[PDB]
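What the sequence shown shows, in PDB author numbering, is residues 714 to 779, 811 to 907, in sequence order.
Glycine included, C-beta positions come from ideal geometry on N, C-alpha and C.
Written below as structure tokens is the structure these notes are about.
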Amino acid sequence: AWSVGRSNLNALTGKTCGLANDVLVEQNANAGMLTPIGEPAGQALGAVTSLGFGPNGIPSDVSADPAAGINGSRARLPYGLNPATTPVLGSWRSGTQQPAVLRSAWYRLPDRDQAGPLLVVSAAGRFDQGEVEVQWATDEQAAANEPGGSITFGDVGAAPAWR
Numbered sequence: 714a715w716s717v718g719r720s721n722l723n724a725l726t727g728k729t730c731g732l733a734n735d736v737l738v739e740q741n742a743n744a745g746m747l748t749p750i751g752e753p754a755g756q757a758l759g760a761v762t763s764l765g766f767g768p769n770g771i772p773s774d775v776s777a778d779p811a812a813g814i815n816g817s818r819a820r821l822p823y824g825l826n827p828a829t830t831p832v833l834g835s836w837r838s839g840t841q842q843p844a845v846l847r848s849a850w851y852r853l854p855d856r857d858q859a860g861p862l863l864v865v866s867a868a869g870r871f872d873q874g875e876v877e878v879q880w881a882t883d884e885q886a887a888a889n890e891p892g893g894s895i896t897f898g899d900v901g902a903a904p905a906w907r
């Protein structure tokens, strides 16, 4: 990974662009979006559970990135994510606060041959590290609904805004 040293020694080599070489951008945000095993073109998000539901249950005024989508979201979307092409759910309750637990459908994970060496989910809220999880499971254990471990998503950015 990039350092002043790694940069300045790799400069004598030829590449004198510093960090420009190390920061990997995604021009289109909807671009490398994961399609599910099942055919629901959208709404594959709310599948197993959707307690404390919110297809518009996020305070759009509080949420920021710097009319209806698929699930009927009057709430704006970050990094140019097309709401007509991407579904969205929430946990923020205006009235009484209740224990919300969401579980998705199985998503089609391709064969290792991509420019982007990581998997990402554009999220918002004043949640902690332990909340959001990706449960990696074998296709045979996916039908039996028994996950073979779980990796926790690491957040970078400003709470409760979009990151």
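Query, Result
"State the beta-bridge partners of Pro-749 as determined by DSSP.", "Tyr-851"
"Would you give the residue range spanned by the alpha helix (DSSP H) that residue 802 belongs to?", "You won't find residue 802 in this model, because the chain goes from 779 right to 811."
"In terms of residues, what are the limits of the alpha helix (DSSP H) holding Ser-838?", "No alpha helix (DSSP H) contains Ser-838, which DSSP labels as neither H nor E."
"Taking a contact to mean a Cβ-Cβ separation below 7 Å, would you say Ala-849 touches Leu-764 in this structure?", "no"
"In terms of alpha-carbon separation, which member of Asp-774, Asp-778, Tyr-823 lies closest to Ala-742?", "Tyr-823"
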